[PDB]
Structures are given as C-alpha cells and as structure tokens.
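Okay, structure first, notes after.
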Amino acid sequence: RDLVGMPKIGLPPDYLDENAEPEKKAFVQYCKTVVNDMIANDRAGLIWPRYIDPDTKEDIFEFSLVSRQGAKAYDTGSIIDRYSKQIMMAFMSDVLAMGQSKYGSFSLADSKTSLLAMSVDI
Amino acid sequence: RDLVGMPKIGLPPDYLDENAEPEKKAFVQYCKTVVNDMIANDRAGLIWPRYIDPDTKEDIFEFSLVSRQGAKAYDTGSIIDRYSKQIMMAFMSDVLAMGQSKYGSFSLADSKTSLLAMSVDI
Amino acid sequence: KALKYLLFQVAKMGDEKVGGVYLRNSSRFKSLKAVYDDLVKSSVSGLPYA
C-alpha cells in the first residue's frame, strides 16, 4: 500500500459532469488513457494547459505526484531477524544459519559433540 | 498502530448527509470503493476535482497521505537485546548465543570445563 | 444559460445620476459573482477516477 509517487490530476468540477460538452468528455477520456498508460520511456513528456486565476494566484489545472512527509517509526527487518534468531535458539539449531563450524561435530563418539546431537541422543 | 502514509479524503460537509442528492451519494460510494481497493500498481492514478475558493485560497477538496513530525524517543531493539543478554547471564548459559568456543569444554574430566558443566556437576 | 447571460448584463452597468435620482450599481457584480461561484460553479457532478 505504499503509494508515494503516483500521478494525480486536478480538474475543475465542471469537467467531471455527465452532461458536460463533448470537448470536456474527450478531455477526461484522454486523461484516463494517460493515467492508465503512462510509463517511464524515452518519449515521456507532457503538454498541459496552464492558467493562473487572477484573483487567487493558483493554477486551476495541475499535474503532480503525491508526496509524503514522515517516515515509518519502526524498522521491521531488525525485528523479524531478531525473532527468527530467537526461534532458532529454542531448538539449539543455530547451525542452519551459521553453517557447520570446525569446533562442533555431529558424532556422539567424538569429544566435540554439539547440543543438537546430544539431544538427538536423548 | 503505526499509521504514517495512509490515504485521507476531505469533502465538504454536505456530501456526507443522508438526504444528499443522488450524485453526491454516488460520489461518496466511489470514494469508499477507492479507499478500500487502492493499491500500488502499474495503473495507479487519480483524477480528482480541484477548486480553490476565491476568498480563502484553500482547496475545498483534498487527497493526501497523513504525515508525522517526530520520531520515537527510545530504541526498543537495543533494550530488548540487553535484557535478553542479562537473562542469559543469570544461568551462565551464554553458549546458546555465542556457540561452542574452542576454549570451553563440556567434559568434567578435562581441564577446560565451563561454568554450566561445573554447576550441572553440583 | 440565462444566469450566464445575466452575469454579463450586470457587469456592464455603472453608476448614474439625473437630477434628484441617483443609482449606484458598481457593487452588484461583486455580490452576484460571490454567490454564483459558491452556489453553481462549485457543485460537482459525476464521479472521479481511480
């Protein structure tokens, strides 16, 4: 659901009416096609109308990508790794992640047996 | 409960009335569907009405993701790790996390016995 | 249609004075437009697109 960076189109309310003139309907259909089919490409570009209202000084049309301010408060990777290591510790089976070290052995007749082998003996 | 980045929709109060006209009801239903079904996708995009009030200079509609200012004052990972190590120290069973070092042995007849084996002897 | 025509009709007129009678119209357009954009131009119809 991370939605940062998606395109957004702003149009005057009268463009979205059902009885609007054919020109506005064609404009809305073209906007829909653009939204559906725009991708990063060697021909990417836009020609967009631009009009700033004299009494508000804000563009009536707009084209921009949604932005976000804050950042996630928790790092999930570290927590997941910690809990995985905790799970692996319960069975004393850390060999799965740390490999077979030379200081441990799987033989019960050898004086380097690991805890996993000792419990399998039980 | 970390909620940073979720979509938010702002509408004039008259759109949420129960006696509103059918057009406003359809608009609200479509907004609900969008909120429920929006996901990051190759077709992600929005066409939204845009009108800036002449006397307030603020958009009456809006679409944005909630933002957060501060950051958590404490790092829980370090505290949890410290307390886990403290627990492991009580039983003198640090071998679970540090593996079987070559300087320690589980044999009571060998002059490298570890504290765990010494206590099991008791 | 008639409302759009009436906006133009009102915007044109200005103050006048003949002996004894004086009519001031320079303020009508401000109010008329303020009402118009609030009650008509801002009313959305149709649905957005996602």
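Methodologically, a virtual Cβ is constructed for each residue, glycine included, from the backbone with ideal geometry; neighbour enumeration extends over all protein chains shown. Every read-out reported here was derived from the displayed coordinates using simple, explicitly stated rules and does not represent laboratory data.
Any idea what the dipole of chain A comes to, in debye rounded to 20, about its Cα centre with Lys/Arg Cβ at +1 and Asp/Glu Cβ at -1? List each step's numbers first, then the result.
Working: 14 positive and 18 negative charges, 146 e Å.
Rounded to the nearest 20 debye, it is 700 debye.
Taking a label point 7 Å from Cα toward Cβ, how far is A:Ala71 from its twins in the other copies, in nm, shortest first?
0.6
Ranking request for peptides B:83-95, A:23-35: highest mean number of other beta-carbon atoms within 10 Å first, then the rest in descending order.
On the way: B:83-95: 12.2, A:23-35: 13.9.
Top of the packing list down: A:23-35, B:83-95.
Over all residues in A:12-20, what is the mean tally of Cβ atoms on other chains that come within 10 Å of each residue's Cβ?
Numbers: counts 6, 11, 9, 5, 10, 5, 4, 2, 2.
For this peptide, the per-residue mean of nearby foreign Cβ atoms is 6.
Just subtract the alpha-carbon distance of B:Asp94 and B:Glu18 from 0.36 nm times their residue separation and send over the number in nm, one decimal.
Working: separation 76, 0.36 × 76 = 27.36 nm, distance 6.53 nm.
Computed gain between B:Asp94 and B:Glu18 is 20.8 nm.
Average partner chain C-beta neighbours within 10 Å, per residue of C:31-43?
On the way: counts 0, 0, 2, 2, 0, 0, 4, 3, 0, 1, 5, 9, 8.
Mean shielding by partner chains, rounded to a whole number: 3.
Say the cut-off is 27 Å between C-alpha atoms; which of B:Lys32/C:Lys4; B:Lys8/C:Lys30; A:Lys24/B:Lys57 go over it? Spell out each step's value before the answer.
Numbers: B:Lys32/C:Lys4 35 Å; B:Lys8/C:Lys30 35 Å; A:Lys24/B:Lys57 25 Å.
Flagged as over cut-off: B:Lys32/C:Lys4; B:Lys8/C:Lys30.
Mind giving me the nanometre distance, one decimal, between the label points for A:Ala117 and C:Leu39, set 7 Å out from Cα along Cα→Cβ?
Once both label points are built, they end up 9.2 nm from each other.
Counting only other chains, and only Cβ atoms inside 10 Å, what mean value do you get across the residues of B:53-59? Mind showing how you got there, number by number?
Details: counts 4, 8, 5, 1, 5, 2, 3.
Average neighbour count from other chains, rounded to a whole number: 4.
Return the distance in nm (one decimal) between the two label points of a simple spin-label model at B:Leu3 and A:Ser67, each offset 7 Å from Cα along Cα→Cβ.
Each label point lies 7 Å from its Cα, and together they span 2.4 nm.
Between segment A:72-114 and segment B:73-122, how far is it from one alpha carbon centroid to the other, in angstrom?
Using only Cα atoms to place each centre, the spacing works out to 14 Å.
So if each residue of separation counts as 0.36 nm, and I subtract the Cα-Cα distance between A:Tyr103 and A:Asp75, what length gain in nm does that give? Each step should come with its number before you reach the end.
On the way: separation 28, 0.36 × 28 = 10.08 nm, distance 3.43 nm.
Contour length minus the Cα-Cα distance gives 6.6 nm.
Starting with the highest mean, order C:37-49, C:6-18 by the number of other Cβ atoms within 10 Å, averaged over the residues of each peptide.
Details: C:37-49: 15.6, C:6-18: 10.3.
Averaged packing, sorted descending, gives the order C:37-49, C:6-18.
Within segment A:81-107, list the residues whose amide N lies under 12 Å from a label point set 7 Å along Cα→Cβ of B:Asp110.
In segment A:81-107, the label zone of B:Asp110 (backbone N under 12 Å from the point 7 Å along Cα→Cβ) covers A:103-105.
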